[PDB]
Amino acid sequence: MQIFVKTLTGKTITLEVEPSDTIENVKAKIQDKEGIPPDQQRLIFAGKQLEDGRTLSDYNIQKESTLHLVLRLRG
């Protein structure tokens, strides 16, 4: 299924995912596509930061949902 991931600075990433994929796996896919390390990714859906060991299905994230990607900055 297709979901959309949008950053605070406007950029929208399209991802092919499965409901049973963990948030950790989604973060891995974002690294594979965009080069952003998982430890710098905060994924947000329904007003809440998503936890790595949970799945898309745990959060009732369905086809064509949009997640927000908030980035930590290494200084």
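Each residue number is its position in the shown sequence, starting from 1. Under this definition, the rigid core comprises the largest set of C-alpha atoms superposing within 1.5 Å between the forms.
*Asks:* Between 54-62 and 7-15, which one strays more from this form in 4 other deposited structures of this protein if you match the rigid core and compare Cα atoms?
*Replies:* If we average over structures and residues in 4 other deposited structures of this protein, the farther stretch is 7-15.
*Asks:* Mean CA B-factor: is it higher for 32-40 or for 46-54?
*Replies:* Higher of the two, by average CA B-factor, is 46-54.
*Asks:* Quick check: 58-66 versus 20-28, which has the larger average CA B-factor in the record?
*Replies:* So the stretch with the higher mean C-alpha B-factor is 58-66.
*Asks:* Ranked by Cα temperature factor within the chain, is residue 5 in the lowest third, the middle third or the highest third?
*Replies:* CA B-factor rank for residue 5: middle third.
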